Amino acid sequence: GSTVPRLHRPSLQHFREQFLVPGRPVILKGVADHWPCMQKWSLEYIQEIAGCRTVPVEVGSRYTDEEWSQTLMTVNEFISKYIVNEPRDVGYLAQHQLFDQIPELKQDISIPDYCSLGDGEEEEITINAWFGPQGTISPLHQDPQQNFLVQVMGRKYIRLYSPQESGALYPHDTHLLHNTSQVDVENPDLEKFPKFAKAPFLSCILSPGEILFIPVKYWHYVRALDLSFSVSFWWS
């Protein structure tokens, strides 16, 4: 593959014509790099502002695992058990609308201006938190809206496959998981999934301050390389 291109504060028009309309990924630089979250969100700050609130936590290496489960605990409990104290299992505070739950945190982020190029209402943009230790993995899957994934703490390795390559990604046949690949991107079973090997892709390491544009229906796979906090904006 090649690396996702990085662009510094492209104009709305450039973003619209070269990335949004054709559905091409890009990393936006110089857009979120000075949001307050970038300097402010330490573990300690997260504990102070959110520690006592209940959050959903995914436990297990990948959501496609058979032993994978979902539970509830306080943010303080999550940090203690799954981040700081030699964790026994992988825990991920994933896909959670933390900013609706805790409006004060919402002050530390913004809606990217590029979202106004969409046809949807700003109020209907879904903002999710993704907070977890090094080693969290989100299996290869596609989503039904455009996405800006903003990296705040730590880095993520991300692999992207175009919707045109769906055949080689062997989606699950169950209507429920049909937007998830059967393939483990970083250790694929080529005896069972031979078409996967030659499928072209883009990749990147997404670092703090950077925004990855994931076009609607683009397949994406994500592994945290460090203690990580990302904020996703699902928009149309």
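In this text, rigid core is short for the largest set of C-alphas that superpose within 1.5 Å between two forms. When you see a residue number, it is the position in the sequence shown, counting from 1.
*Asks:* Return whichever of 142-150 or 68-76 has the larger RMS Cα deviation from the displayed form in 5 other deposited structures of this protein, where every structure is aligned on the rigid core.
*Replies:* Checking 142-150 against 68-76 in 5 other deposited structures of this protein, I find the farther stretch is 68-76.
*Asks:* At least a third of the other compared entries: do they leave residue 193 without coordinates?
*Replies:* No, residue 193 has coordinates in all the other entries compared.
*Asks:* Taking the other PDB entries of this protein that cover both neighbours, check whether residue 179 lacks coordinates in at least a third of them.
*Replies:* No, modelled in all of them.
*Asks:* Quick check on the record: does 150-158 or 99-107 carry the larger mean Cα temperature factor?
*Replies:* Mean B over CA atoms: larger for 99-107.
*Asks:* Looking at the deposited entry, does 202-210 or 33-41 carry the larger mean Cα B-factor?
*Replies:* That would be 33-41.
*Asks:* Looking at the temperature factor on the CA atom of residue 115, which third of the chain's modelled residues does it land in?
*Replies:* For residue 115, the deposited C-alpha B-factor lands in the middle third.
*Asks:* Split the chain's modelled residues into thirds by Cα B-factor; is residue 2 in the lowest, middle or highest one?
*Replies:* Highest third of the chain for residue 2's C-alpha B-factor.
*Asks:* Check where residue 88 lands among this chain's C-alpha B-factors and tell me if it's the lowest, middle or highest third.
*Replies:* It belongs to the highest third of the chain when residues are ordered by C-alpha B-factor.
*Asks:* Hey, what third does residue 61 fall into on Cα B-factor, ranked over its chain?
*Replies:* CA B-factor rank for residue 61: middle third.
*Asks:* Which third of the chain does residue 143 land in by C-alpha B-factor: lowest, middle or highest?
*Replies:* It falls in the middle third of the chain.
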